[PDB]
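Let me begin by presenting the structure, written as C-alpha cells, before commenting on it.
All Cβ positions, even for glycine, are placed from backbone atoms using ideal geometry, and neighbour counts span all protein chains on display. FYI, it's all coordinate maths here, none of it is from the lab.
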Amino acid sequence: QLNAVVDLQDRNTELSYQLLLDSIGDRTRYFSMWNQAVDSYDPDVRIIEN
Amino acid sequence: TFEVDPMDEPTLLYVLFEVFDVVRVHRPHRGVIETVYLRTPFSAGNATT
Amino acid sequence: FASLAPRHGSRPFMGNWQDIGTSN
Amino acid sequence: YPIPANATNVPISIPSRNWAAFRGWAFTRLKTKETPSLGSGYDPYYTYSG
Amino acid sequence: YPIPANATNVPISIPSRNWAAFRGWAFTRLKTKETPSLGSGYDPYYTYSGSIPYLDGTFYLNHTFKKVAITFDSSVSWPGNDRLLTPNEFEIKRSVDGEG
Amino acid sequence: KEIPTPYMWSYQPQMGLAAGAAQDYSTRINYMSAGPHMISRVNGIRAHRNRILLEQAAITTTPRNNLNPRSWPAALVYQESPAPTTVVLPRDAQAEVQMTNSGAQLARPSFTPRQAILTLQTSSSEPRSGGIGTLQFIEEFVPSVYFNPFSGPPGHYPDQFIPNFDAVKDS
Amino acid sequence: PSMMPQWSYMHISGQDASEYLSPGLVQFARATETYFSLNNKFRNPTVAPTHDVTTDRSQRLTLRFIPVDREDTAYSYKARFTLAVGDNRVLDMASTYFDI
Amino acid sequence: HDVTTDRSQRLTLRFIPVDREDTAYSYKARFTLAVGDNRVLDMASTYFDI
Amino acid sequence: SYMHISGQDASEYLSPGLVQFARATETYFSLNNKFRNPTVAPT
Amino acid sequence: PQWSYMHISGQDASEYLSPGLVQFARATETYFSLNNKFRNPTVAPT
Amino acid sequence: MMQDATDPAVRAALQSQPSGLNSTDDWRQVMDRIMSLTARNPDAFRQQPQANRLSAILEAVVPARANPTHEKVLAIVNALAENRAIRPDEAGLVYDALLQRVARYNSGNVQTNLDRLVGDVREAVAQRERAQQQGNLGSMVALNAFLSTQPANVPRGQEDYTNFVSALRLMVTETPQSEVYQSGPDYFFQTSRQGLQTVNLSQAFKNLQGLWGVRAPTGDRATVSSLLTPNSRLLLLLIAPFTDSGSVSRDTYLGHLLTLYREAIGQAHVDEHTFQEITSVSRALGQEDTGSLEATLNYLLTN
C-alpha cells in the first residue's frame, strides 16, 4: 500500500491533458463520451471584421 | 519585476516554470506498484501547498 | 538499369520504393 | 501569487529552490472569482460558472 | 530567520559546507518583540520584559506547525527513501481530509 | 602549507558527477594554541588522519586521472544484477488448435502434457553510461587532501576542484 | 504448417515485392520511381502468421467492476473498489474508464 | 552496518479490507493481509482506524 | 541519472530480449510509449 | 574548365563539397536549415 | 591502436580542398574511372547522365589549375592552433592577416620558403606532441638548477645520500607526464598528479641534511626521528615507488623508513585487489559494506 501517485497542488494534472490533445494533430473532429469538442470561439466575433 | 499593464480587476499571475515530472513505475512483482516522483528545478520538500 | 532515370547530384537513380496492399 | 485591483508593479515571493535542468516558462493571468485557489471541494468564491 | 505577517512559505538557505557531527533537527517558535537577535548588550529592540521562550522553556506557538520537509542534496527529500505514508512532506498536522 | 583541512567533494545527484571539493569548518577544532604540551597533539592526531584519508583514496578507487568526467564508463561503478528467473505456462502453444473452432470450447495441463521453456537475459541492454545512478558516490571519489595549497601557479592547480567548473574549459 | 499449397501460382504464398517477380525489374520500380510508380501492380502478399497471437480459448476482453460501499455526502463522492487481475489480463491503461 | 535497514521500506501499511458486512450489531470485515516476504510485523502496534 | 534523463539512449536501460518483437509484429499496439525516450543536446 | 564549378552538373548536396562542413551539414538542420542554403543539382540522363 | 594529434596540415586541407573528385589532383584516379578501368564497376561512367559525363572529360583530359594557397596558409594557422601558437578564437585574424601579408608579398622568395616551413611547422606539432608526453624537458633542466644550487655530496655525518642523488633522477625518467619540477617560489617542488594532491618542497628536504646518518634505537618509531616533517615525509613516500635498495636499512631512517614506505605501498596494492572484489560482490551482500575499509584498517592497526 505504497502511495503510487502523490502529486501536489503546484501540479496541473487535470490541465496537462488539455495540451496533449492539442499537440496530437487535429481535435477538429469531435468525440462523443469524452466530449473532445474544443471550446472554440469564431474569429468573426473577436477580431471584428468591420 | 513584473511591470505589466494596469487592469481593472484582481488577477492571479499564475507563472509556470518548466520543470520536468517523471514517475518511474518499478514493477518487480505482478500487481505491485512502487514509485517515486521527482522534478529537476524543484526539490520535493520546499514548495507552496 | 542504373542508366534509366535522371538523378540528382551526378547519381543516376537513388532511393528504392514500396507500395501498400488494399486490405487493412 | 495575485496582482491586486490596479497593479502596475509586482515582485516575486518564493526565495529558495534549486535549479539543475530547465526548459522555459509560461504565464497567463486569471481572476479570483472566475476560478478558485484550490483547497476545499465546495467554494462560495467560485459561484460564477462561466 | 525573520518572517512577516500572514505568510506560509519560508525555507533555510545554506549550500555546500561541513557536516561531520549531527544528531538531528529541533525547532520551536518565539516572538520578535519579547527578545531580539542577541549578541549585543542593550540593542534597539528590547520593549517587552515578559516571559521569554528562550529562557524557561516558555515556548507556546509550538502548536502552530504544518509541515517541515527536509532536503539533503538540493534535489531529493530526506524521506525520498520511502519510509513514511507521505513521500516527502513532514505533515505535523492535517485538519479533517482523510481521518486515517 | 602546514595546516590545511581534508577537502570534501560537493554533490549533485541526478547528474551523477560531483561539483567540487571544499574544506570543513562547522566541526573544525579550536586553533588557539593550547600550549607547547598540546600543539604537537593537535598537529599530530590530524597528521595520522591525513594518512588515513590518503591510503584509502588509492584503495577505494583507482588514482585520479580525469578528476571529474561526465562521459563515464562502468568498471568500478557497478552495473545492476544480471539474473533472470523463467517459469512455464499452464496452457501449451500447439495443443490448443484442435478444439475451440471445431466444437469443444476451452475454459501439467491435465489434457496433454508437454515441457517447453525458453530463458532470456535480464541485464541492462548495453553498458552503463553517464553519471552515477543509485549509490556509488563514496566509492568513486573519496575525500582527499592537497596538503600544499596552489603550489605551482601557471602550469597546473586544483582544476576540477571548483564547483563552478566544467571539464570543457576553465573559468 | 506447410505454407506452399494452391496460392503458389497466384503468388499469394509469397513474402516480399521482389519475391515472385523477375529479378530484373527491381531497379525500375525503385530508381525511376515517379516515372514508373509501380509496386502495387504486382500485389505483394501480407506477413500475418500464426505464431504468438492465436487464443483458441475463452479469453476475457471486457469486464465490469462495481464498488463495495456507498457514501452520499454533498461535496465529495467516494467509491471503494478492490480490483483483481488474475492471469494474462494485459490491458493498456487508456482503455479503463468510469461509467458515471 | 550489521544492524537496521539501509534499503527503502515504508514503516506503515494503510490497508483496506476487501469485503464489507454491516448488520444489526456486527461490523464484519474480512481483510486479506500478507506480511512482507522478509520484513516482520508487531501486534501491539496494530490497530483500526474507523 | 538511473532514471534515463541524464543517460545516453532509450532502448539501453531496459531488457534486450523484449526489443525483438517491436517492428515486425507490433501492429497490435503502436508502442514507443510505455518507457519515455530521452534525447541528447549540446551544452 | 569552369562549367561545373558553379555546382550545375553536380550530383548531390553534401557530397560534391569539401568534407570540412559535410560532417556539420548532417548534424545541423534545426539550428540552420542548410539544405536550402546551397544549390542541389539534378541532370538530364542518356 | 591509436593516432597522433590529427595531422595539422591535413585538418586544414580537410576543411578546404575537394573531397570526392578533384579532377586535376586525382587525375589518374578520374582517368582510371572514366576509361571504364575501375574494378568496382567498369561502366559506372557509361550509365551516368550525359551532361555530368562531359564535365568529367573536360576537367580530366585538360587539367585545370585549382587554388592551393588557402590549404597551405590555413595549414600553418591550424598547426598554430595545435602547437598552441595561437588561441582557438584567433582563427579569424591570423588566417587573413598573413593572407593580407602575402597579398602584399605574393611573389618574393618568401612563399617558396612558406611551403618548406609548412612541412617544418606540421612536423613541429608531431615533435612536440611526442615531447609533451615526456614532460622531462621542463623537468630535467629544472633539476639541473636544483642540483647546482643545493650542495651535492656533503654528508660528513654518515653517507647514504650518494644513492639518493640518482633516486630523484629516476623520478624524472620513469614518470614524465605531469611530473614537472616547478620553480615558482625559490624552494624547488615536484608535482606527481595532473591535479597536484602531493606537491611538497624539495627544500623541506633540507631538514634531512643533519639526519643523513644517526643512531637507530630499536624497531619502533625512533626517540629522535620525530623531527622529520610531514612535508619531507611526503617526498620520501613519493620516491619509494622508485628506489628501495641502496640506502642502509639498519643505520638511519633514510633506509629503515624507506623499506617501511614500501610496507605502506605493499599493503595498498593488496587492499586494492581486496576492495575490487567485495564491492563487486554487492548482489549477494545487499549492504553498504564499510567493513571492506574496516578490515583494511584492521590489517594495518592490529599487526
Among (1) β-branched (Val, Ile, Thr); (2) more than 13 Å from chain E (Cβ to nearest Cβ); (3) closer than 30 Å to residue E:12 by Cβ, the one test that residue B:49 misses
(2)
For residue F:85: the one exception among (1) over 30 Å from residue F:170 (Cβ atoms); (2) surrounded by 12 or more Cβ atoms within 10 Å (Cβ to Cβ)
(2)
Out of the residues in the range K:178-204 meeting the condition of being more than 10 Å from every other protein chain (Cβ to nearest Cβ) and more than 25 Å from residue F:58 (Cα to Cα), tell me which one is surrounded by the fewest Cβ atoms within 10 Å (Cβ to Cβ).
K:186
When the range K:217-237 is examined, which residues are found to be crowded, with 17+ Cβ neighbours inside 10 Å and of a type in the set (A, V, I, L, M, F, W, C)?
K:222, K:228, K:234, K:235, K:236, K:237
Subset of the range K:189-210 (residues that are in a loop (DSSP other than H, G, I, E, B), touching a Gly at 6+ places or on another chain (Cβ under 8 Å) and of a type outside the set (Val, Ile, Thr))
K:196, K:210
Test residue G:97 against the criterion of being part of a loop (DSSP other than H, G, I, E, B), under 26 Å from the mean Cα position of the chain (by Cα) and aromatic (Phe, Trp, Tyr), and give yes or no.
yes
Restricting to the range E:1-12, and then to whatever is surrounded by 10 or more Cβ atoms within 10 Å (Cβ to Cβ) and of a type outside the set (A, V, I, L, M), can you tell me which residue is farthest from residue F:162 (Cα to Cα)?
E:9
Please enumerate the residues belonging to the range F:148-159 that are at the interface with another protein chain (Cβ under 7 Å from one of its Cβ atoms) and closer than 20 Å to residue K:232 by Cβ.
F:148, F:151, F:152
Are any residues in the range C:3-24 assigned to a loop (DSSP other than H, G, I, E, B), of a type outside the set (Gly, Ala, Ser) and within 14 Å of chain J (Cβ to nearest Cβ), and if so, which ones?
C:4, C:6, C:7, C:11, C:12, C:13, C:14
Taking the range J:1-20 and keeping only residues that are touching a helix residue (DSSP H, G or I) at 6+ places or on another chain (Cβ under 8 Å) and either on the phi > 0 side of the Ramachandran plot or part of a loop (DSSP other than H, G, I, E, B) (or both), one is left with J:1, J:9, J:10, J:13, J:14, J:15, J:18, J:19, J:20
Considering only residues that are within 14 Å of chain G (Cβ to nearest Cβ) and assigned to a loop (DSSP other than H, G, I, E, B), which ones fall in the range H:24-33?
H:27, H:28, H:31, H:32, H:33
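Matching residues to (1) under 25 Å from residue B:47 (Cα atoms); (2) out of contact with any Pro (no Cβ under 7 Å at 6 or more places or on another chain); (3) surrounded by 11 or more Cβ atoms within 10 Å (Cβ to Cβ):
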position: E:20; (1), (2), (3): no, yes, no
position: E:30; (1), (2), (3): yes, no, yes
position: E:34; (1), (2), (3): no, yes, yes
position: E:45; (1), (2), (3): no, no, yes
position: E:49; (1), (2), (3): no, yes, no
position: E:54; (1), (2), (3): no, yes, yes
So, in the range K:32-84, how many residues would count as being of a type in the set (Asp, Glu) and within 30 Å of residue K:4 (Cα to Cα)?
2
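Results for (1) closer than 30 Å to residue H:6 by Cβ; (2) within 11 Å of chain F (Cβ to nearest Cβ), shown as yes or no for each residue.
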{"position": "K:231", "(1), (2)": "no, yes"}
{"position": "K:264", "(1), (2)": "no, yes"}
{"position": "K:291", "(1), (2)": "yes, no"}
{"position": "K:296", "(1), (2)": "yes, yes"}
Please count how many residues of the range G:61-83 are loosely packed, with under 10 Cβ neighbours inside 10 Å and farther than 16 Å from residue G:99 by Cβ.
6
When you look at residue F:82, is it in a loop (DSSP other than H, G, I, E, B), away from chain I (no Cβ under 14 Å) and under 30 Å from residue I:7 (Cβ atoms), yes or no?
no
When the range B:24-35 is checked residue by residue, the ones that are facing another protein chain (nearest Cβ under 7 Å) and either within 20 Å of residue E:89 (Cα to Cα) or aliphatic (A, V, I, L, M) (or both) are B:24, B:33, B:34, B:35
Looking only at the range D:15-33, count how many residues are facing chain B (nearest Cβ under 7 Å), of a type outside the set (S, T, N, Q) and more than 13 Å from the chain's Cα centre (by Cα).
8
Go through (1) within 14 Å of chain I (Cβ to nearest Cβ); (2) among the hydroxyl-bearing types (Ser, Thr, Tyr); (3) not in a loop (DSSP other than H, G, I, E, B) one by one and return the number of the condition residue F:40 breaks.
(1)
Among residues of the range K:42-68 being under 51 Å from the mean Cα position of the chain (by Cα) and in a loop (DSSP other than H, G, I, E, B), the residue farthest from residue K:22 (Cα to Cα) is K:45
Any residue that is of a type in the set (A, V, I, L, M), within 25 Å of residue H:15 (Cα to Cα) and either touching a strand residue (DSSP E or B) at 6+ places or on another chain (Cβ under 8 Å) or in a loop (DSSP other than H, G, I, E, B) (or both) - is there at least one of those in the range E:72-87?
yes
